[PDB]
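One structure below.
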Amino acid sequence: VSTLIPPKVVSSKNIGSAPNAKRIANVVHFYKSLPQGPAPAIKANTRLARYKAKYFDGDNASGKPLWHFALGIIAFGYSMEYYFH
Amino acid sequence: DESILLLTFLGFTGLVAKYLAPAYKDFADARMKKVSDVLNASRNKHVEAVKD
């Protein structure tokens with residue numbers, strides 16, 4: 001007898017599976033995606049964007065800024081020692 | 001008197017830079033790698049989902 005009409009009806013496979021949710025996510029995310037992100041920090045300029053760039057970038061974490069930062073406070077109180085003495 | 005103390009601090013930063021600063025670099029690197037691998041894994045995963 002005469003075949004039923006379901007095989008030629010589709011209209012809820014688009015909620016029917018899980019990658020639909022991911023699809024509607026990644027059509028927004030990827031379509032308006034940039035090839036590369038914006039920045040790993042770069043502001044501190046006054047001849048100190050260089051200080052941050054050399055020391056406090058993702059390029060390295062090394063003891064050089066620590067030494068520098070320590071020395072600033074040492075220079076304050078060391079001069080003040082002779083202001084107190 | 002206090003120049004002896006400042007000398008001790010100079011030594012302290014010397015030991016820190018000798019032992020700790022390369023160790024902390026390696027530690028930080030290790031974690032950074034792990035974060036990155038997970039991130040990139042997620043990117044692969046959604047590429048799979050499109051194909052699915």
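Naming scheme: A, B, ... for chains in displayed order of the structure tokens; residues 1 onward per chain; ligands 1 onward as shown.
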
Proximal residues of chain B relative to chain A (only C-alpha atoms; 6 Å) as a list in words: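 Filtering chain B at 6 Å from chain A with only C-alpha atoms gives residues 17, 21 and 49 of chain B.
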
Could you turn the residues from that selection into a file that holds N, CA, C and O atoms, as a PDB file, in the first residue's frame?
ATOM      1  N   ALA B  17      68.406  35.112  41.724  1.00  0.00           N
ATOM      2  CA  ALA B  17      68.589  35.067  40.302  1.00  0.00           C
ATOM      3  C   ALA B  17      69.305  33.823  39.842  1.00  0.00           C
ATOM      4  O   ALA B  17      69.174  33.440  38.684  1.00  0.00           O
ATOM      5  N   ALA B  21      65.060  32.347  39.692  1.00  0.00           N
ATOM      6  CA  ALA B  21      64.643  32.950  38.453  1.00  0.00           C
ATOM      7  C   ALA B  21      64.618  32.007  37.267  1.00  0.00           C
ATOM      8  O   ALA B  21      63.651  32.110  36.512  1.00  0.00           O
ATOM      9  N   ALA B  49      32.941  19.115  15.353  1.00  0.00           N
ATOM     10  CA  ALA B  49      31.507  19.262  15.461  1.00  0.00           C
ATOM     11  C   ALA B  49      30.831  19.708  14.190  1.00  0.00           C
ATOM     12  O   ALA B  49      29.756  19.212  13.858  1.00  0.00           O
TER      13      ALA B  49
END

Chain A: which residues are alpha helix (DSSP H) by DSSP, as a ChimeraX atom specification? /A:19-29,49-55,64-81

Residue neighbourhood residue 42 of chain A, 8 Å, only C-alpha atoms, exclusion window fewer than 5 positions, as an mmCIF file with N, CA and C atoms, in the first residue's frame:
data_model
loop_
_atom_site.group_PDB
_atom_site.id
_atom_site.type_symbol
_atom_site.label_atom_id
_atom_site.label_comp_id
_atom_site.auth_asym_id
_atom_site.auth_seq_id
_atom_site.Cartn_x
_atom_site.Cartn_y
_atom_site.Cartn_z
ATOM 1 N N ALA A 49 57.352 52.114 28.395
ATOM 2 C CA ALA A 49 56.659 51.075 27.656
ATOM 3 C C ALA A 49 57.694 50.073 27.237
ATOM 4 N N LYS A 52 58.380 47.757 30.458
ATOM 5 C CA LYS A 52 57.365 46.745 30.479
ATOM 6 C C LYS A 52 57.579 45.771 29.358
ATOM 7 N N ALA A 53 58.016 46.262 28.180
ATOM 8 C CA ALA A 53 58.179 45.447 27.005
ATOM 9 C C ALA A 53 59.314 44.480 27.150
#
